[PDB]
Structures are given as structure tokens and as C-alpha cells.
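Worksheet: one structure, shown below.
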Amino acid sequence: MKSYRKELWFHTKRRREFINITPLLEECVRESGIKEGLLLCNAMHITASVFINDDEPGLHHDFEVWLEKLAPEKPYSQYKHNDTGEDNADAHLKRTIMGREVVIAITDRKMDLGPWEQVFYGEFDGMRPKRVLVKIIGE
Amino acid sequence: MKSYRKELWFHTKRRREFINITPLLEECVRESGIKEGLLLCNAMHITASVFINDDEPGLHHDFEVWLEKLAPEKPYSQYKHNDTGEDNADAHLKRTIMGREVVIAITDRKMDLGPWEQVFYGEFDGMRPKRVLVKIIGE
Amino acid sequence: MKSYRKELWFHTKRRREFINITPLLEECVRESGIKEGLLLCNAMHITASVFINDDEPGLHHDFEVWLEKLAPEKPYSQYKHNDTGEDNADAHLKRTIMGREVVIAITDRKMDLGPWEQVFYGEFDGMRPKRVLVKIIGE
Ligand code: NA
Ligand code: NA
Ligand code: NA
């Protein structure tokens, strides 16, 4: 059985950002040499996400607005997690909505994706070095 | 290592629908011949879901009402994704709540499920041909 | 190919509870003897979750408050699922937010986790025996 592992690192300019990581995953799959298998890609931090959706700026804006509605950043005081000086309680909630991980089929050496599937890193508490894990198993 | 792949296609009569796909997955598992492994089942479209929950009509109604509360279809104008004539922004949000995928253990040639687990395709922007992927790896 | 399976059982004192199960998963991984692979851990019941986040009491409180906002338990009458005497409709919704499952990479005989990742059983309709499945495949 083959396995492959890679950490992808991010340090976003702002607190929140969506980053299309599809091409990075494509290169992981390619270098793994795995023909058939499963790929896991997950945020290694509990204030960020890996998810699949559209790469369209309007929709990215809509996710920002929606996540702020469902899990508002402010006031910081509304969250007990922030009681001793942290301010990232909302990021733990936002990541929960978008999800921690994707699992993607590898078929004939490629990610087995639909026409509009793109993989994103969803940063909700950035401006510091954070990590995504790619793990592939198969043959 | 064995692997198995199947696309399951749907064309729903209405915009939104839940479809119990458990029996289809059972037939995938059976024909794969895999005894022990992991099964991924995911929506290949970014406006639909695969999830596990109850097959009970009251609950299906409750999910419809709840998803409309969390991610209302209308007005279309509230979403920037819809600015150039699409109207499916809400479906990208609804699918995010329900999830893209399930991963299910295969044990002794069967899906390793609890007593009430049923697998659903959650269509949020239907009336067109859309796809679910089943991928199984193991031995 | 190696595979490993274990059911972990819970019977919570109260309706809702978060339980850190990370050490149990560590022991599964250890006893499996698997060096490289993927671990699935999922709630086998459709009113509970397995998820990864912080083990911090303030945040646990915040999740409780947030989930009650997004998917209120009461009044029971607001949910059609509860129409014939059940009262757990909200638990099916809450679990949907937190998620059914985690998938975790196994690397060099260990769960491949970031610095603050902890795995939780999220019980939303407890006080009865319920189950989590751990399944590991790899070599
Ligand atoms: Na935090
Ligand atoms: Na769209
Ligand atoms: Na129920």
C-alpha cells in the first residue's frame, strides 16, 4: 500500500480569507504516484476549514456575510472562550459550519471531481502560520 | 488493494428533494467484493449534499424549514453570487450545512451502520442531471 | 492491508454533553499496529456527533449556546419529527451542524494532529446507550 503526506502552510494577510488550494492538491496527487485511493485534506488548526465549493467572488462574499450572521465575530464578550483575552471564539464556530476536512476519491491518478468542485482553505483566524494536512492512501 | 467506483445520477422533479440512497450504496458495496475498507460517498456538485440521518417524513420537513431559516432561497438579490442571473446561491449554503460527503466503514462486506443510519442525497438545486460519487477502497 | 474496528459506547448523565475521546482513539491506533493509514470515527446514532475542536470549557459553553440558537430544543411542537411523542428533533439538527464524523490521518503509528486538535463525542440526545465507531485502514 502506498501512502503520501504533505503539510501545506498558510499565513494570511487578514483575519479571514478563502484560498483556492486545488492546484496544490493536484501536485500532491501527482507526486504520490497513487493511481486509486482516497485523499484527506484537513485544517490542522481548530479555527480554520478545508471545504469544496465554487471559485466565484460573489459567492465568497456571500459566505463571508452568511458566516458573520451565523457566528458573529463581535462583540468578543459574547463568547466565554474569549474571557481571558483570546478573540477567536467565532472562528471555531465558523470553521464548524464550513467543515474541517474533505475526503476526495483518487481515480486513474487524479482527484475524481465534478465540474465545479474546487478545494479551499478557509481561514477564520489568520495572520499567523497555520497548516493543512494532505494524506493519501491507496495503490 | 481493491478499489471500486460508481457514479449515481439524479434528476429531481423539483428544486429541493431528499432521496434515500442507502440501497444503492448497499449494492455498490456488494458488487465491489470488498470485505474491509472505507466507502466515500459525495455530491459531485457544489449545490447538493450527501448526509446520513433519519428516513422519517416529519424530520425531512423539519430540515426543509430549518435550512430555509439558515440559508433562505429568496430574495435572490441578497446574494452576490446571483448577480449575473443565477439563482442558486442559497443551495451552496444549504449544502454546506448538510455536508458534502459521508465516509462509512465497510466491515465483513457491509456498511457498518447504526440502527437508524440512512444515507441521503440532498438536492438543493435540482431539475437537472447531477451526480454522486461512490468510492470504496480496501480488501 | 490491515484494518481495525472498535465501537466506543457512551451513556451520558444528561441530554447534552461533550466528551473528549482523544485518548481512546490513541489506544485504538496503538493497538491496531497500523503505521500509515486513515482513521474514521463517527457517531453511529443520528442525534450525536464526532468532531474536532478545543478542549476548553468556555468554548464548550459557547457551542451549547450557539447550537441552541441555531437549532433550539424547544418548543418541541415546532418540529414535525416530534409529532408522535419523540422530543429529539433538535438533536438531529444540532448533530448536523457539528458533523457526523472525523477522518484523521495515521502517520508513523500516530494520529497526525495539529497542536490543539482534540476529538469529541457530541451527545445531543443522551441518557441512553449510544455508540461511536472507529475504523482504521492502512499498513
Ligand atoms: Na481559540
Ligand atoms: Na452556483
Ligand atoms: Na429522532
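Couple of notes before you dig in:
- Test set (1) within 30 Å of C:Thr84 (Cβ to Cβ); (2) in contact (Cβ under 8 Å) with a residue 24 or more places away in the chain - B:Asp62 fails condition number: (2)
- Selection over segment A:70-80 of residues that are of a type outside the set (A, V, I, L, M, F, W, C) and either within 11 Å of chain C (Cβ to nearest Cβ) or touching a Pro at 6+ places or on another chain (Cβ under 6 Å) (or both) gives a count of 4.
- Scanning segment C:2-23 for residues that are crowded, with 18+ Cβ neighbours inside 10 Å, among the aliphatic types (A, V, I, L, M) and under 18 Å from C:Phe63 (Cβ atoms) yields one hit, C:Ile21.
- Set side by side, the residues B:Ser3, B:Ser77 differ, and just one is of a type in the set (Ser, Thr, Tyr), away from ligand 3 (no atom under 16 Å from the Cβ) and in contact with a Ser or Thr (Cβ under 9 Å, 6 or more places away or on another chain), which is B:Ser3.
- Answer from A:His81, A:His60 - the residue that is over 19 Å from the mean Cα position of the chain (by Cα) and assigned to a helix (DSSP H, G or I): A:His81
- In segment C:35-57, the residues that are more than 15 Å from the chain's Cα centre (by Cα), within 30 Å of A:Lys135 (Cα to Cα) and surrounded by fewer than 22 Cβ atoms within 10 Å (Cβ to Cβ): C:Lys35, C:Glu36, C:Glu56
- Filtered residues of segment A:1-33 (kept if farther than 15 Å from A:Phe51 by Cβ and of a type in the set (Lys, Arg)): A:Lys2, A:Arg5, A:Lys6, A:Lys13, A:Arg14, A:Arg15, A:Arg30
- Evaluation of B:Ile104 against (1) under 19 Å from B:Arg15 (Cα atoms); (2) touching a strand residue (DSSP E or B) at 6+ places or on another chain (Cβ under 8 Å); (3) not in a helix (DSSP H, G or I) (one fails), failing number: (1)
Residue-wise test of (1) touching a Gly at 6+ places or on another chain (Cβ under 7 Å); (2) polar (S, T, N, Q).
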| site | (1), (2) |
| --- | --- |
| C:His45 | yes, no |
| C:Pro57 | no, no |
| C:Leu67 | no, no |
| C:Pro72 | no, no |
| C:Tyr76 | no, no |
| C:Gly85 | no, no |
| C:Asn88 | no, yes |
| C:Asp112 | no, no |
| C:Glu117 | no, no |
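- Restricting segment C:107-125 to residues that are outside any loop (DSSP other than H, G, I, E, B) and not aliphatic (A, V, I, L, M), the residue that is farthest from A:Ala105 (Cα to Cα) is C:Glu123.
- Of the criteria (1) part of a loop (DSSP other than H, G, I, E, B); (2) closer than 21 Å to C:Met98 by Cβ; (3) among the hydrophobic types (A, V, I, L, M, F, W, C), which one C:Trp9 fails: (1)
- Residue within segment A:18-33 that is within 16 Å of ligand 2 (Cβ to nearest atom), away from chain C (no Cβ under 14 Å) and among the β-branched types (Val, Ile, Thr) present: no
- The test for being within 16 Å of ligand 2 (Cβ to nearest atom) and within 8 Å of another protein chain (Cβ to nearest Cβ) holds for A:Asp62.
- Flag if A:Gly126 is crowded, with 19+ Cβ neighbours inside 10 Å, of a type outside the set (A, V, I, L, M, F, W, C) and either in contact with a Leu (Cβ under 7 Å, 6 or more places away or on another chain) or closer than 28 Å to B:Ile136 by Cβ (or both): no
- Out of A:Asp112, A:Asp125, A:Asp83, A:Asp87, one residue alone is within 11 Å of chain B (Cβ to nearest Cβ) and either out of contact with any strand residue (DSSP E or B) (no Cβ under 6 Å at 6 or more places or on another chain) or without any contact (Cβ under 8 Å) to a residue 40 or more places away in the chain (or both). It is A:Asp112.
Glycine gets a Cβ as well: all are built from the backbone with ideal geometry, and neighbour counts include every protein chain shown. Bear in mind these aren't lab numbers, they're just calculated from the coordinates by the rules spelled out.
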